[PDB]
Structures are given as C-alpha cells and as structure tokens.
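Below, chains carry the letters A, B, ... as their sequence lines are ordered, and counting in each starts from 1. Heavy atoms only: backbone and side chains are in, while hydrogens, waters and symmetry mates are out.
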Amino acid sequence: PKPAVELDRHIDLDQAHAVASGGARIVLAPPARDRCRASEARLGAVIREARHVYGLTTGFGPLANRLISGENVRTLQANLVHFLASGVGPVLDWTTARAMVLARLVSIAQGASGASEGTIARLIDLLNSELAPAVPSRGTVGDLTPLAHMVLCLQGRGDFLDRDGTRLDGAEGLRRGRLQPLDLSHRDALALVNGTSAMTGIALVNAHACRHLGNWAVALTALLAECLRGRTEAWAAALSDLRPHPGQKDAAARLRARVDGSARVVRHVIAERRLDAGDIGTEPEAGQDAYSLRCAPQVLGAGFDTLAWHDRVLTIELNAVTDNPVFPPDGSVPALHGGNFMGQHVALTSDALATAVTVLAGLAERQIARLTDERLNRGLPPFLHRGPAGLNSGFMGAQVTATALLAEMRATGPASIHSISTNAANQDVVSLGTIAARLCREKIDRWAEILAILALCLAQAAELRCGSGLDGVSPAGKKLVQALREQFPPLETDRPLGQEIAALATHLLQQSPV
Amino acid sequence: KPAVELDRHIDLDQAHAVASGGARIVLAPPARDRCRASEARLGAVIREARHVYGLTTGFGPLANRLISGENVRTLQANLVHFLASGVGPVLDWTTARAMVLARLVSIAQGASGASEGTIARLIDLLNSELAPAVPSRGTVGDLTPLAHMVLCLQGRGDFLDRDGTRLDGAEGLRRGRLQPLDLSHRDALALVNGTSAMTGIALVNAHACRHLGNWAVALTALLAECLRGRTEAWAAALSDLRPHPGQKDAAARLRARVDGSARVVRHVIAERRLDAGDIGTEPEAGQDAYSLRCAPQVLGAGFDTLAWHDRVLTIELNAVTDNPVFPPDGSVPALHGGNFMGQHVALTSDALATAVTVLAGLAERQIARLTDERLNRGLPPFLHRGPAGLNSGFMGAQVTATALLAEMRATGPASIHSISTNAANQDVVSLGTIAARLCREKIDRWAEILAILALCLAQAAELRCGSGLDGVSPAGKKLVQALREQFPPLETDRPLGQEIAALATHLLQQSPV
Amino acid sequence: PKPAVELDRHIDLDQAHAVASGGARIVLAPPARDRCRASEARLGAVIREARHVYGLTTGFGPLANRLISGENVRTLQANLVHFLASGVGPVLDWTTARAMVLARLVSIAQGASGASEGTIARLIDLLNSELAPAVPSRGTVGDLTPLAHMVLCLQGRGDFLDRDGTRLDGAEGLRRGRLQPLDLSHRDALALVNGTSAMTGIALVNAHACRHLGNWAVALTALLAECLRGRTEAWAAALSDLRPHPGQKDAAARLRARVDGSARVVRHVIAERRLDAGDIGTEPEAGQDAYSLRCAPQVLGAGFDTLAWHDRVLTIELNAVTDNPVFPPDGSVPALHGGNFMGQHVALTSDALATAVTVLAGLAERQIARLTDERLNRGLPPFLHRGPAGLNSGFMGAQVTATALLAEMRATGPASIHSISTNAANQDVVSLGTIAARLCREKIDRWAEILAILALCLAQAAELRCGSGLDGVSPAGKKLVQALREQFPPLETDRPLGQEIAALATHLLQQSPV
Ligand SMILES: O=C(O)/C=C/c1ccccc1
Ligand SMILES: O=C(O)/C=C/c1ccccc1
Ligand SMILES: O=C(O)/C=C/c1ccccc1
C-alpha cells in the first residue's frame, strides 16, 4: 500500500523526497490537471496566433533576434535538446535525478508552462517507476544542460539508472519501466528544458540528508557526554531562553532528551556549591567542559538555523514556476518574458549550508580528537584500543582519517562568487546554483563519514567506560549502541575499518537514531 | 537629538542610530530596576561564596584553580590585562560604539550583575561624541576587544573622535565628560563577555547593506533608462510565479524607480503577431541580457540573505551572550554554559559576504556593459566626451571596478577555519568577529563599485538624453541632479580616484530618495 | 618488444610514467639489488641487536613510548597494516595506484629501508603485471593509509584493478597477475607503509598530463590565431628576450613554430608603417589583438614555469628516501629518526600547479568565448553553427559548459593551508600533500575538458574560415584538424556533444598534437 502524494499546488520537502526516493507514488490532483489542460490550450493559441515568443518563434539565447517560421518549430526545439546535451562528468545519483524530474513537474503543475498532458504523464510515469534518467552532473551555469539530457533519456535516446546505479540503455529503460517515449509534437519542449530543476533537486536531497546527519550530530554529542562525564547544565533550557535562537533552543532540548535517564553525566549546577576556606586550591577538573560539549547547543544551533533558512527558501523554489517564457493563467497577456530561471536563491542557500556543514563536521572531528586522546579523555585507553597497548592502536588510524576528510572539505569554498560572463555576454551574470548544490552535497557526504567514525568510536568508548552492559548509560544511548553493535562488532583487536566506515556513513545519510 | 529608550528590545535601526551618534540613549526605568535586581543577586552570590567562574575561579582551563574572595579584584584586574593582546587597525568610530551598545543591551536584560556605575559608563560613552580605540584583531569570537574597551573606559587606553583622530585616555575622559570605570563590585565579567564586537560590526554591516541595496536597485533602474531596458521582465506577475520575498520586493522597487520614464521599453513582446514577411534577423533580441532581465532574481536572492542575516542579528543583539549568567527568577544562583559562542553571527556574516560579492559582481558587469561600445547600443566607448582616442572617459574606472571585484573574490568564509586553541579548552571557535570584519571589507568594495557605476550612469544619461535628461523618470532625474551637485560631468578626461572614494562614502550612509 | 626501465638510483618523470602506465617494464640494476641486500642485512642486525627503533621495538605514533618485545613484532606490524586501513572514497585510478607502488620502490632502491628481496620482488612483479592495487583515495593527511591498503591487496586481502578499472578480488588478482602473496615475516613492513608515495605517485601523473595539456594549449592558441587573423609580432623572439622568463621564451617559440607556413596570420609589424595626414581617423580594427592572443606567451609561460618548478621538486621527491626510520647505508649509526615523510614539498607544488592550471584553463575558456561570439570572432557564424542560424545554435551549449567547468575549478583552493593538529597532538602539523595532489588532478581533468571543447570549436572554425580544404592554414594546423576529423565529424547540424567532449578530453591527457 505504497503511500501516495497528490500534487495540486504545494508539496513540502518531505513529500518531495518521499516521491524522489520512491517511497511514495505521485498523482496529479484534478484541480491541477485542469489548470494544466487550460495552459496547454493557451500555448496552442499562442502558437496559432504566431505570437512573438521565445522558443516558439525565435532562436535561443543571443540568437533570439533570429525569428523562426512556424513550419520549423519542431526542428527548432529538437535542435535545442541537441545542442544543450553537452554535459560531462559522473551522472547524478538515482534519487537526485528523480528529484530533478519532480522539480520540473511541480513547476509545470502550477499551470503556466503550457506542457501537454502526454508530457506531464511521462514525468509522472518516470517518478512512479523504479527508474531515473542518467544525466551528467556537469555542464550548466544554473539548468538547461542536465534537463536536455533528461529529455533525451525520456525519449529512449539516453541511459536510465536503476536504484543501484546500474545503467540501462534507453530502449531497455522504457521497456522495463513501462514508459512511453516522450513526444514533443505539441511544441512544449520549453516546459521540460527550463528552470532550476537540477539545483532544486540536488538541494532537496541535501536538505533530507542534513536532517538525518543533524540528528546523529545531536545523538553522538549526547553519547560523548556520557563517555566523558559531560556536564548537562550547559544544556539547560534557561540558557537557551537567554539567547533565543530557535536552532539553539532546539539543539539544547534535543541534547537534554538524549541523555535523559543517564547516570553517566554530571547533572549538578556548580553554583549551588558554597565554598569555604578549605576549598581554596587546585581541583582536578574545571567546573565547565571544553567547548566541543559545552558549546554544542550554540554550534549545532547555528547550523540548524542555516538549514532552516535553506529549507524555507527551497520550499518556495520547489513550488514556484521558474520557466521562461511563461503563460499567465489569467490571460492578461499571451506570455511573459523574464528571468525566473536564475537560480541565485538556491546558489546562495547551498553555499551557506555548505559552510554550516563544514563547521559542524569540524565539531564532530574535534569530538573524535578529544575522545581518543589519552590526555583528554579522562581515563579511557589511548585511541580506545583493546588488547595490549602499543601492540594495538585501536582507532588511531581512523582518527587521522576523520581529520583528512575535514581538511578536504575546507579546501572547497562557495560556488556563487565565481560568476563569469558567458553566452556571448548575454548571460553576463550566472548563479552557478547547480554547482553550489553539488559542492554542498560532497561536504554532506564527508560529514557523514566523519560522524560514522565518531559513532564507531563512541560505541567502543561506551563499552570501555561502562562495560559491555553499558551500566549507567541512558536508554537512548543504550539503544543507539545496541543498534550499531547489530552490524558493527567491538574492536577487540585492530582491524581494517574503511569498509565499515563507508557502510555506516551510507546509513547515517538515510536514517536517524531513534 | 532623538532619544532611544532601551528597555528589553531594540531594533537594528535604533541600534545604528545610537552607534552613529544620531540618537541619544536612555535606559528605561524597568531596565534599571531589572539591572539593580541583578546587581543585588551578584552581591548575594559573592557573599554566599558560590562556585562561580570569574568570581571564585581562574579563567579558561585555569578555572580549576579556586580563588579566595580577598583576591578577586586582583583576579579581575589581571583578566583585563592578559586579554589586552589585540593588534591591527582600530575599529572605526561607529563600529566601536556599536560594540559598546551591544554589551549594554545584553546587560540591560538583567542577568549580568552589572552595577549601576558600570552601566552608567557605557551609557555615558554612547551619549558622548567619542568611541574607545580598540584593535580589530585578536579574538576567535569577543574578550580581547572588550578588554581593550575596559582599559579605554578606565582612561588607560585611547579614544577616537568622530573623525577618527586619537586622544589619549586622560584626554578622552575629560573631553567626553566620562568618569573612569570602577569595577570594585567585581562585575568585570559583565563587560568582558559575549559577542559584542561581532554583533556591533554586523549591525553596521546591516545598515550599510540596506543603503547599498537601495543604490543597486536605483542604478539598475537608471541603467535601464540608458540602455532602453525592457520593463516586462520586472512585471509583478513574474514575481508572483516565483514568490521569493526579496525578489518580489526588488521587482517592485525597480518598477517604482522607472515609473514615468519614456526611456524604457514597456511593450510586452508576446503581444506582437508575426507575419511571414517578418521572419529573418531583427536588429535586437526580444529580451535583455541578464544584468537587466535577471536583476529581480539576483538582487532578490541578496535581499533574502540580508533578511536572514538581520533576523538572526536582531536576536543576537537582544540576547544575553554572557557566561556565567545569573537567572532573574532565582531558580539557581548562576548558570555556566557557552552563550558567548558566536557561531550565529559567524555563519550569517559569511553568507552575507557571499551575497555582497554576488551583487557587486552584478554592478561590475553592468558597468562593463554600459561602457562597451559594442554593447551599449550607440553610446560613446567608455562614455567619453570630447574627441575619441584623445579621450578615454571611464576606461580606467571600468578596469578599477573589475580590480575591486576580483579582490573581493579572493577572500572566502571565515567560519570554516576553526582551530583548537587555549590548551584545547576552546577546541572549536566561531571566528565570528573575523567573519563580520571580512564582510565589512566586501561591503566597502561594493560601495566603491556602485560609486563607479553611478558616475558612469550620470554621464550616460546625459549622453543619451541630453543635459535636460529628456524622457528620464522623475526618480532618475532626481538622482542624477543630486550627483551633479557635487560631481561634474566628464567633458574631458580627469582623475576620478578621489571622486569615487568620496561618493562611496556617501552611498554607505544614505539612499537615493 | 616492451621497453624496460633499469632502476639504479635515479629515474626521471618520463621513465616513471612509462612504468606506471605499463608502457615499460621495470628491472632493478645490479648495484641497486646489492644496496638493497645490504640494507636488508642492516635491518636484520638492528633486530638482532635489539636497537631502540620505531616500529621494531615500539608502538606507533604517541604510543611509541610503549616498548615491544621481539616475539611480538610480527603481530605489531600486522596490526599496523590493520589499524591504518581506514581509507574511504573512490579508489585511485590504475595508473596512479601503480605510480604509488613505483614511488615506494624507488625510495627503497636507495638502500636505506631494509626491505627484503621478496618484498621488493612483490612490488616489481606488480609493476610488470597489468594490474594495480585497488586503494581508496581518501584517509591520509600526508601516506600510511593508502599504502596499508596497498599491502593488504598485495597479500591477496584487497581488490585489484585491471587497465579498465574493473575490480578483481585479492585471490583473482594474485592469480590473473601471476603474483606471489606478500610475506612480511622479515619485519620489514615499515619499508612499505612509509613515505610520500601516494602524493608523489599522484603528482607524477599530474606532471605527465600537464605536459600534454600544455602542448594542446599552445597548439590551440596558434590555431585560434589562424581563425581570427592573429598578429604574430606579439610572439616575436625579441619580446621574449626583453623579459627572459624561460617558460615565456619557450611558449613564444612553440607558438611561432605552430603557425610556421601559415598564410592566415598577420605577420606585418605595425611600426614599419609610416602614417600620413589622410590616415588619421578610425580604422576598422586596432593594431594589436586582445590579450587571449597577444598575451599568450606571458600567460602560458608563467604556467610552464610553475610546472617546471613543480617537476624539479617532484623529481627530487621521487628519487628520495621519505621513510622513517631509516638505516644509514654508511653504517654511521644503526638508524635515524626524523620526519622525511612530511609531504610539504609535494603539497605546496601541487597547490601552486593547481593555481596555474586554473589560470590556463581560464585562458582557454576565454578563447572559446571570443571565438564563438559573433561580435568578436571577425565574421564567423555565431557559435560556429552551420545550417540556418537560430534554427541551429552550434556550440552555444558547449561554450556555456566550458564556463561551468571553469567556475567549478575556481571553487576549490589550496589544500596545504588547512593543517589541523591530530593524532593526539603528535601530528600537530600535517602537509595534506595527497589531498593537494588530488585536487590538482581534478583541475587538470577539467582543463582537459575545456581544451577539448576549444579543439572542437577550432576544427569547425578553421573549416568555416578556410573551407574544408583549410586553405592558407599552416601544416601543423592542418595536421591537427585532419587528425581530429578522423574521429570527430563536422557539426553540420546541432547534435549532442557531451560524449565527444569527454572522449577527446581523455585523449588530450595522454597525447600531444604532433
Ligand atoms: O537568454 C536566454 O534566456 C537564453 C540563454 C541561453 C544560453 C545558453 C543556451 C541556451 C539558452
Ligand atoms: O572556557 C571558558 O569559558 C573561558 C575561556 C577563555 C580562554 C582564553 C582567555 C579567556 C577565557
Ligand atoms: O609519530 C609518527 O611518526 C607516527 C605517527 C602516526 C599517526 C597515525 C597513524 C600511524 C602513525
């Protein structure tokens, strides 16, 4: 009884990802079907009336001053798909390519693109099938190129990808997924090759992954506190109220919940202690933890607020019409020409999220560095090894790997600042939003690997500190370690961890600890 | 002079008004009462000898060294001393005062324990025409700059007059009619705490960005009047189809700027029905290049980034970023945490810096298009006057704008460079102050790029429409006439460096109205 | 009759790539064999005499303060390979992985590593086979991790790669390659897990690719001049002599040779012309070309000088011993402990080269932008299309793709500046050389794609300007276009170019236009 998302006007990010990931099927609501039929009729009229419209009676880009006779429009649009198919590089992953198709569909569903029923049906069919078009990730300045490749795929002139990433030729794809070859006879090619569908698709996948990684970041910080006698007073709600950033209040509340029931953290407020002359001297530990624990609400919180902004902007973009030209539903004018395809919004939010992800990955990396340092981990074995010290190095290698992954993340900055005048100066400013979204994705993948290493370290640390029975560990903490131990054995002796790290990271990106 | 009464909340405009000296500041009775209550709570915490950071402990990782009451004044005096290791150019007058204001707003919430005298010193500084002279570098995000502020307020550091001229501490206290700061109440941590510096810098960035954004819109509009731009791309209907608040706002403001103009193209091209005889190559395309057609989308994305930045900053400015803190409700004697972690300002400052660089890029490309004889539709190359060749007009200024932009691009986000420090106690740091400062530098470059565009447009408007500016919108005419009051037309090549600099200074503080 | 490289002490970059790419077999010269046999004996003596030596009588990293008894050394070194195998990410390509193996071998050949005959034989056998170890590209801060994975592969406990990148399991690899399983019973594991072999291997492949791409950059700049009536006086030897940078002098000489025999370039020195009163006015074109042509010697030259520096440093690194500890061949002391494994040299040169590659890619991108712009290409069709204008857009899509590739290159900066204290603060400074070399490689790949687009554009532009017969085109220019036309047909009508761009890019990275 696979869930179904009925698309009318608005779709939220979770619904969008459910469809893109194949978790839910999609259906076009009757009201939307009618709006599209109405827009299809407007396109037909615009064409019959020989209105001066980009892509219907003109060339493309700077060549738009070259008018085209009606008799040659099917050729014009066929060549459009052709000359735009210059993409190169690895193909977008299965879920992301599907998210791109969904983004184009949501835009069309608003009823201002003139797409024909058949065209809309082909997109819905793809989304309801187990396939995804195989489209190169590079080539656009922000998303005609990847969309042109999508068109070729839907016509059976390009490869398809199954859930595993294995490619099928065009014919096989249409066959296996029961897809009908795309037919652009209605001259509605610009309804498919238009907008910010690719960057939006990539960004929606980034948004979903960050939600899960954010949950792990919280869960692991909480478990870290249980392994290092962390002080919970730094996570007090009263502190959040004094500096009311939503993301911070949320992070602190979630951290408190994770360690609820723990007998391993320090819950005493230090100021409750009254000192006398005999207390004046040097104590073993300071009354507050290092920042990787004490400032977690503030660091994680800032990241959560960046994601919140990113998602607010993305929700608007996903449900908008980023086409050019557009055909006003009210019929005020035959069509409007502008630049709603300029993806500066997703470009700027992706760059911002990328920075936030790098910052949070840095936190996890430092948490690993502290947990594995015998001089800072308050009594735990160096690098959390088991067996004789020296002969065994435990997580010593994995710890450096986390640092290496972080260092690589830092080498890449915002994509948005690199606009270069192109297309014979017609596109004198470009968003590079697709690139921005892809760079953010890479950082998200690195962050998952760093968190994976931290998770494996914590599972081991929890047992070293509290015994295999995890005595004193919170219910949430126990469940997380027990779940990890179902697939990842304790490190009783040194062994290669690379494959386990990669395996766990893939899981972190798709599911939260609950 | 207007007065801003500070109770609990203050908006960014009120904050800048006080920081810039445009308005006096007064602490509302309710705020004074809350602060007196907090002062009393600190007194009790001290009398009770509660274990509290900075009152009974050393600092940083040295907090494990407990301190006896008789030594606390020395302890807090040393705190200010060892933290005063800042270097680099001092913060400008307005920004330094904004930092003072930020600390005051935090204290006014009533959880810092600041004494009436300490609060009075901050208010006095803000009501005077002076600013403390504080080095800009040294903090990983803001004890160092605040420590320097304290030294200045005690007359042990320099002050800055509105012009930036420095005065020694003693002279500063006398000229500003300020009394030396006295921390005998052991309330030093009420002054050396939080995110005051980055917040002060960021609020000045916010104000400057609002003005530059107004200029970016006004100059884009005037560009359209000089290049026969098509207004249909700025139609509200398009905004409604892609409802980003910033984009809708940008488009509306653009339309308003060109209202009444006879120099722009208002025809919707799809209205035209083509005949077989029209098929061929026409003189111009039916749509403009992106620097005009996509202005709503580019400026809009920038405006939405600034809106996010401002929402976050408003919360930070009105929050208590202190540590430790003394709960007004008396639930516990004090709370220890990390509200001083400036990650929020760090991330928003970096995000804004990117948006600023993007928008400066748009302005830079608009100059490049306007001054190009192959692209400016009939205007002289580089908008020169007099004999061509003999005169190059704005040819130099155009390259200078490109140079300014290229420089902006060389600097990226500051937040990603966290480095474990303070003997690993501060294993993660925000670098928020650095982030806000880097954003300020890009903002200054953007102002210079816009200044160049404005001078180019004033010349272009006259070359296209004559000195009378025939067909130019009322807003466009008013803008050019205003500029012409201080900046003469370029009838023959002349040095523009000083004019560009002077105009940029203006753009940062005032909008085209 | 497959060539053979006899390794004694020194090997140049060309010989190294010849072996790494499988173009030549490798053999150890008699003196090298003897130096290695002697070093092997020295390691035996060190063990026999129970000398305090890292990895032989101590734990690893900060754990080196834990001394180890002789009977546990086999286990110690076995665990070393284990805990270090935490690598993740896509495996290094066939040639690069083998280049890494070669790098370790050359270091060992200096006779200060103590590697046994068998160990050396395993490396040689690998290089003389058609296989490469499958090693993850990420994990090192600069190269124990990737080398540990190498060891596992050589023992038949890790995958292998054939020339096509198809993976084989350990067993299949040893079988298909007719290889013997690596046996570290002599306790010479540190002879394999040591040094800067990975970054050096990666960098030597970057060096080879940049030489070819550099040749294409020159050839295409020259052809561009023949398509736009470029002035050769800007490339005069006299100018080079006035600003004697080696790279510039060479670039200018190579550019002149490429257009030798051309009737399509302007060779007249403008200053020879004497002007009269009737000449004063506005001429159609300026007396000098735009920078993308006029400043080619200077821009290409600076890039070539950067590559020259990179190669000088790399040559030293490749032929050096970057191991720790080391066993002095002169027998002065049993062993020396230091940090010759710190890859700061490769890190800084890789970062410098990466910057130069981005700059040169920028030149190529602007050359494409100028050539396709009807307002700047002096009479050529917009975007070099054929067929009716507007209906056909030619390379309009490819041109934007080139811009997108360049913008993405610019988003990534130097890797070296991101050092982070790790390994419980033992490694308080790290080089990140491997990452730097990898980032440089990605940029080289992007540069090749951009050059490929420019090459396709120039082939079309040359025929459009000079006819299919290429009348007036230099002999070198004709040969290049004709060579390209053998595999890439003219663009008579718009068609997808993505796959062709990628195919040509692969070719440009391995062969120069000759
Ligand atoms: O001016 C436009 O709206 C179209 C630009 C463009 C650029 C490259 C390929 C196709 C269209
Ligand atoms: O841990 C804290 O709250 C204090 C840190 C610190 C570090 C350097 C100087 C002053 C305070
Ligand atoms: O001090 C050294 O030379 C060794 C460091 C090290 C760090 C991580 C893994 C293995 C060795």
Within a 6.0 Å radius of atom CZ on C:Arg375, are there more than 12 heavy atoms belonging to other residues, nucleotides or ligands?
no
Considering all heavy atoms of both residues, which atom of A:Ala425 and which atom of B:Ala289 are nearest to each other, and what is their separation?
O-CB, 4.1 Å
Starting at CG of A:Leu63, measure out to OG1 of B:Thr281 and round the result to the nearest 0.5 Å.
9.0 Å
Run the numbers on A:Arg66 and C:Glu374 for salt bridge (charged side-chain N to carboxylate O under 4.0 Å, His left out), then give the verdict.
CA-CA 13 Å; A:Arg66 271 76 170 186; C:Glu374 68 184 317; 2.9 Å; yes
Pair C:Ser512, C:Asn215: side-chain N/O donor-acceptor within cut-off below 3.5 Å
yes
Is there a side-chain contact between A:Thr58 and A:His52 (heavy atoms, below 4.5 Å)?
yes
Restricting to non-hydrogen atoms, name the atom on C:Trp235 and the atom on C:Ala296 that form the minimum distance, rounded to 0.1 Å.
NE1-CB, 4.3 Å
Assess whether side-chain contact (heavy atoms from CB on, under 4.5 Å) is satisfied between B:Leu479 and B:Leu222, documenting all intermediate values.
CA-CA 9 Å; B:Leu479 187 161; B:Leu222 191 50; 4.0 Å; yes
Using every non-hydrogen atom in the two residues, find where B:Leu379 and B:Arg464 come nearest and quote the distance to one decimal.
CG-NH2, 3.4 Å
Measure the shortest side-chain to side-chain distance between C:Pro381 and C:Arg386 over non-hydrogen atoms and say whether it is less than 4.5 angstrom.
no
Mind checking whether A:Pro62 and A:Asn423 have side chains closer than 4.5 Å, heavy atoms only?
yes
Check step by step if side-chain contact (heavy atoms from CB on, under 4.5 Å) holds for C:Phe395 and C:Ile453.
CA-CA 9 Å; C:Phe395 293 95; C:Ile453 295 170; 5.6 Å; no
Could you check whether any side-chain N or O of C:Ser474 sits under 3.5 Å from a backbone N or O of C:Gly477, counting only pairs where one atom can act as donor and the other as acceptor?
yes
Would you call B:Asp470 and B:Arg263 a salt bridge, taking side-chain N to carboxylate O under 4.0 Å as the test?
yes
Please round to the nearest 0.5 Å and tell me the distance separating atom CZ of B:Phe487 and atom CG of B:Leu496.
10.5 Å
Would you check if the side chain of B:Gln459 reaches a backbone N or O of B:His384 as a donor-acceptor pair within less than 3.5 Å?
no
In Å and rounded to the nearest 0.5 Å, what is the CG to CG distance from B:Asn391 to B:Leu383?
12.5 Å
Roughly how far, to the nearest 0.5 Å, is CG of B:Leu375 from CG of A:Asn426?
10.5 Å
For C:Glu463, all residues meeting side chain to side chain donor-acceptor pair (under 3.5 Å), sequence neighbours excluded:
C:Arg485
Evaluate the side-chain proximity of B:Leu457 to B:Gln366: yes if any heavy-atom separation is below 4.5 Å, no if none is.
no
Here the pair of heavy atoms bringing C:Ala402 nearest to C:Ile368 is CB-CD1, 3.8 Å
Determine the interplanar angle of the A:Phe83 and A:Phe60 rings, folded into 0 to 90°, and report it as parallel if under 30°, tilted if 30 to 60°, perpendicular if over 60°.
tilted
Give every residue pair that meets the side chain to side chain donor-acceptor pair (under 3.5 Å) criterion with at least one member in residues 394-405 of chain C, sequence neighbours excluded.
A:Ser86-C:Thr401, A:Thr422-C:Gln399, A:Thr422-C:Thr403, C:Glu365-C:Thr403
Less than 3.5 Å apart, any donor N or O on the side chain of C:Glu226 or C:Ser262 sitting next to an acceptor on the other?
yes
Once rounded to the nearest 0.5 Å, what's the spacing between atom CG of B:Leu219 and atom SG of B:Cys456?
10.0 Å
Full working for side-chain contact (heavy atoms from CB on, under 4.5 Å) between B:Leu503 and B:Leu455
CA-CA 9 Å; B:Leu503 182 52; B:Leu455 292 175; 3.8 Å; yes
More than 12 non-hydrogen atoms from neighbouring residues, nucleotides or ligands closer than 6.0 Å to CD on B:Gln498, yes or no?
no
Rounded to the nearest 0.5 Å, what separates atom CZ in C:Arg274 from atom CG in C:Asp279?
13.5 Å
Side chains of C:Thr372 and C:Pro382: closer than 4.5 Å at any heavy-atom pair?
no
I'd like to know if the side chain of A:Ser421 pairs up with that of A:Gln427 as donor and acceptor (distance under 3.5 Å, no hydrogens or angles considered).
no
Any donor-acceptor N/O pair, B:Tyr290 side chain to A:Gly339 backbone, under 3.5 Å
no
Hey, are the side chains of C:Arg231 and C:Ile270 touching, using non-hydrogen atoms and a 4.5 Å cut-off?
yes
List the atom pairs, donor and acceptor, that lie under 3.5 Å between side-chain atoms in residues 244-253 of chain C and the rest of the protein, sequence neighbours left out.
{"unit_1": "C:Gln248", "atom_1": "OE1", "unit_2": "C:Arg243", "atom_2": "NH1", "d": "3.0"}
{"unit_1": "C:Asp250", "atom_1": "OD2", "unit_2": "C:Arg254", "atom_2": "NH1", "d": "2.8"}

Closest contact, heavy atoms only, C:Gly469 versus C:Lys478:
O-NZ, 2.9 Å
Given side chains that start at C-beta, do those of B:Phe382 and B:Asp493 come closer than 4.5 Å, heavy atoms only?
no
Heavy atoms, side chains only, cut-off 4.5 Å: are C:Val357 and C:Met409 in contact?
yes
Are any side-chain N or O atoms of B:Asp288 and backbone N or O atoms of B:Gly229, one a donor and one an acceptor, separated by less than 3.5 Å?
no
Search all heavy atoms of C:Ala364 against all heavy atoms of C:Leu451 and return the closest pair with its distance.
CB-CD2, 3.9 Å
Within the side chain of B:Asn376, is there an N or O that forms a donor-acceptor pair under 3.5 Å with the backbone of B:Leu370?
yes
Are there over 12 heavy-atom neighbours, none belonging to B:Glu282, within less than 6.0 Å of that residue's CD?
yes
